[PDB]
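Protein sequence lines, in the order shown, are assigned to chains A and B. Start counting at 1 in the first sequence, then tack on 1026, and there's your number in UniProt numbering. Letter by letter, the second sequence follows residues 220 to 259, 334 to 711 of UniProt numbering. Ideal placement from N, C-alpha and C gives every residue a C-beta, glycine not left out.
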Amino acid sequence: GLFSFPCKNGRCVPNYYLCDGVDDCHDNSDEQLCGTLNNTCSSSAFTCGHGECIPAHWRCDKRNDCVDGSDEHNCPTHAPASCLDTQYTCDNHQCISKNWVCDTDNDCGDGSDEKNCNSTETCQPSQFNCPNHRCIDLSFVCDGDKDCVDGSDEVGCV
Amino acid sequence: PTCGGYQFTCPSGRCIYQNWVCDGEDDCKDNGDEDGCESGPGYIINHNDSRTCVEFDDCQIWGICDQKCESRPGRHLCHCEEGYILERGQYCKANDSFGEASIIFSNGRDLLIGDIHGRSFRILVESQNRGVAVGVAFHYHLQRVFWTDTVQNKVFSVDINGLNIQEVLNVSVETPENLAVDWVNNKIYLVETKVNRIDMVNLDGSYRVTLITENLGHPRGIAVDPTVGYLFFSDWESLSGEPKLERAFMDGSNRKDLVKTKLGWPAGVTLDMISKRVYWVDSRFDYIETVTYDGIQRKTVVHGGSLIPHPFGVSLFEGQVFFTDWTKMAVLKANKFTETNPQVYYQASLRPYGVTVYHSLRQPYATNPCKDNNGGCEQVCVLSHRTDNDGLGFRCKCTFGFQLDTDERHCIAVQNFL
Ligand SMILES: *[C@@H]1O[C@H](CO)[C@@H](O)[C@H](O)[C@H]1NC(C)=O
Ligand SMILES: *[C@@H]1O[C@H](CO)[C@@H](O)[C@H](O)[C@H]1NC(C)=O
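Following this line, the structure appears as C-alpha cells:
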C-alpha cells in the first residue's frame, strides 16, 4: 500500500518501521540501505558516526553495537533514585526484595544482593533456614519447592 | 570382559543390572550394590587406645592420592600414570613435555583463554552481532576450540591462536548451551535447549543425528569419555519435574539415572577419566559432588552457600577443578578432592558460562573403532561402549531423512513419521 514500505523479500511493512532501528521486514530491507540524507533514521534508531542507526535500547548498553562507538562514545549519568524499606538497593541501583538478599542467587546482576553474606551464620526473620544450604525465603517453606538441601522446607506442610 | 558395559561389577566379579547400582536393595551380597550412595579417620589416632593407632585402611581415604593409589601394608603409594610427574609423594602434576594448561572460559560475551596459573587473559574470540558465548569444548589434537552462541543461534569453531573462525552449525541450533567433543571419533556432542534435544555432528557438521530426546526437559551439562564409550549429561528439570543426572552409552542406548539423591539443579558435568569419577555442580543446592562412573561412592568436594552459591559449569584438571559461579560472576577454582575455600582464578562483570582446561592430558589418545572404513557404516559411525555391539564399540546411525536398513549398517530413505 501507499503507507506500506515494500521489501526485497516481497513482504510489506508500515513506513514507520522503515529505519526505525529494527528490521520489521524479515529481509532487513527496512533497516538496510538507510541512514542517508534521504534515508532519515527514526528517533528510535540511534544513529552513529557512519550513519549507523541502532535501536534506542542500544543507547548505552555495555555492548559496542556500532563500530563508530557512538553508543559508547558518550553516556549519561545513571538514575540512582532510591528504594523502599523492603526493597534492597543493589550496586547497580536496582530495588530487590529482602528474601532475594543472601540466597545464593544472582538476583540482581551486580550480585550485591549476595555480596558479603557469610558474615552471619543465622538467617533473616523473613527468610527460612537451610543449615546445610542457605536462608531461603519463608515462602519456600510450604510452596512444594524443597529448596533446603536437608529438605527443611516442605516439612509439616498440612 | 566378564562384566557387561551396562552392568555394575560386583567385587566378586558378577555383573549387575545398571539400575540396581543404587536400587535400594543389596543385590550384590558383597554389599558393593548400594555402597554409600548418600553424601553424609586419621592413622596415629588411637581410638579408645593408649598407643594403638587406628589401622584405618591403605588408599581408602578421600584425597589420599591425586590418582590411582597403590595400597601398602602400613603406608600408601600415590602412583601417577603416564605423563604425570609425582610431586610430594601425594600429587601427580602434569609432565612439562606437554604445554601449560589453558583455562578457556567465557566472561559472558567473549571467549577468553588464560594460562592455568592465571598470569594473563587474552581473548580467543569476541562474539559479534551482540552474541554471547555459553559452552566451550576443544579438540587438542586438531588445536580447535568450539563454542556456541545462543543469541546468534550458531555454533563456531576456531584455531587455538584465534584465527580461521569457522561456522559449523547455524541451521537449527537456536539455544545450544554446552558441548562435548569426542576427540577419538572426531565427533561433537551438542546440547540444544530450545527444543530440549541432544544432537551429535561431525567437526564440520557434515552429518547431524539426534541422540537422546526421550524425556529431556532442561539439559544443562554434557560430557563424553571416548576411551570407555560413555555419555554423561544432566537435566535440572525433566518432564516429570525430576532432575536426572544420567549415564548413557555414547549412542544413548542404555540410559540410566546416575544420581537419585539430593539432586537439586545439576548444571555442569565433567569427567575425571583417570579416576573414573563424575563431578557435577548443583546450582540450586549449592554443592559440587563426585560419584564414580557407576554413581557408587558419593563424595562432597565443596558445599555451603557462601563458598559455591550458584555454579554453572565445572572443569577438572590434575588436583584442581575450575567451576564458574553465576552469583559471584567469577571463574572460581577448587581442589579436586575437598576445598574449604574456593580460589578466585578470574572475575568478570558478566556471568561466566563456559569453562574447560586446554591440555593434552585432558584428551588421552585411544583407538577409534570407526577408523575401520567408517566402521562399515553407510552413514555416521557413532562410537558406543567398548563392550557394546559384540565388542565392536560402534554403531551405525543414519542422518535426518534416512532410516537404518535391516543390515543395520545401511540407510534407506525414511517412510513414515508424524
Ligand atoms: C615426560 O616427558 C619427557 C620428554 O620431555 C619424556 O622423556 C618422559 O618419559 C615423560 N614422562 C616422564 C615420566 O618423565
Ligand atoms: C551457515 O554458515 C555457512 C558457512 O558460512 C553458510 O554457507 C550457510 O549459508 C549458513 N547458514 C545459515 C542458516 O546461516
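Closest Cβ-Cβ distance between residue i and chain B: below 7 angstroms?
i         : result
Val1175/A : yes
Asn1155/A : no
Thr1130/A : yes
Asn1118/A : no
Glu1140/A : yes
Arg1160/A : yes
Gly1170/A : no
Do residue i and ligand 1 come close, with the Cβ less than 6 angstroms from some heavy atom?
i         : result
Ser653/B  : no
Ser1152/A : no
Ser531/B  : no
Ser465/B  : no
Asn339/B  : no
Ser395/B  : no
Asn238/B  : no
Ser343/B  : no
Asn388/B  : yes
Taking 6 angstroms as the limit between beta carbons, can you name the residues of its chain near residue i, skipping five residues before and five after?
i             : result
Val464/B      : none
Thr443/B      : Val427, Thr468
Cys663/B      : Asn478, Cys674, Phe687
residue 202/B : Past the boundaries of the shown model lies residue 202/B; chain B is included only from 220 to 711, so the question cannot be answered.
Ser1108/A     : none
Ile338/B      : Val347
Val484/B      : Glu470, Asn471, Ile491, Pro512, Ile515
Got a sec: is the Cβ-Cβ distance from residue i to anything in chain A below 7 angstroms?
i        : result
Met493/B : no
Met622/B : yes
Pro536/B : no
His603/B : yes
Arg423/B : yes
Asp587/B : no
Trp476/B : no
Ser450/B : no
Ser599/B : yes
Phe578/B : yes
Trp573/B : no
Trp619/B : yes
Can you give me the Cβ contacts of residue i inside the same chain, cut-off strictly under 7 angstroms, excluding the 5 residues immediately before and after it?
i         : result
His1104/A : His1119
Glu539/B  : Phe526, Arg548, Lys549, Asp550, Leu551
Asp518/B  : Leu564, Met566
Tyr236/B  : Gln226
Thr1062/A : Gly1077
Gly382/B  : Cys371
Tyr336/B  : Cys346, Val347, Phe349
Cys1092/A : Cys1074, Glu1078, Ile1080
From the DSSP output, read off the bridge partner residues of residue i.
i         : result
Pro469/B  : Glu485/B
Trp573/B  : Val562/B, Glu582/B
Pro662/B  : Answer by DSSP bridge pairing: none, since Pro662/B is not bridged.
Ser1068/A : According to DSSP, which records beta bridges pairwise, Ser1068/A is partnered with nothing at all.
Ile505/B  : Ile491/B
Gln1153/A : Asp1163/A
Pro1040/A : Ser1030/A
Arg540/B  : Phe525/B, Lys549/B
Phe439/B  : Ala430/B, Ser450/B
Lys592/B  : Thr583/B
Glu1078/A : According to DSSP, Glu1078/A bridges with nothing at all.
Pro635/B  : Answer by DSSP bridge pairing: none, since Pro635/B is not bridged.
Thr1130/A : In the DSSP output, where bridge partners are listed per residue, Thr1130/A has none listed.
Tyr646/B  : Answer is none; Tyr646/B lacks a bridge partner.
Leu609/B  : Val614/B
What residues in its chain sit with their C-beta under 8 angstroms from that of residue i, if we drop five residues either side in the sequence?
i         : result
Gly223/B  : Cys234, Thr680
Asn489/B  : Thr506, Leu509, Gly510, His511, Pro512
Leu1164/A : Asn1125, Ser1152, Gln1153, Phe1154
Cβ of residue i versus every heavy atom of ligand 2: is any distance shorter than 6 angstroms?
i        : result
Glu460/B : yes
Checklist entry - Taking the runs of the beta strand (DSSP E) that are 3 residues or longer, which of them lie wholly in the stretch 370 to 423 of chain B? => result Counting only runs of 3 or more, we get 377 to 380, 384 to 387, 395 to 399, 404 to 408, 414 to 418.
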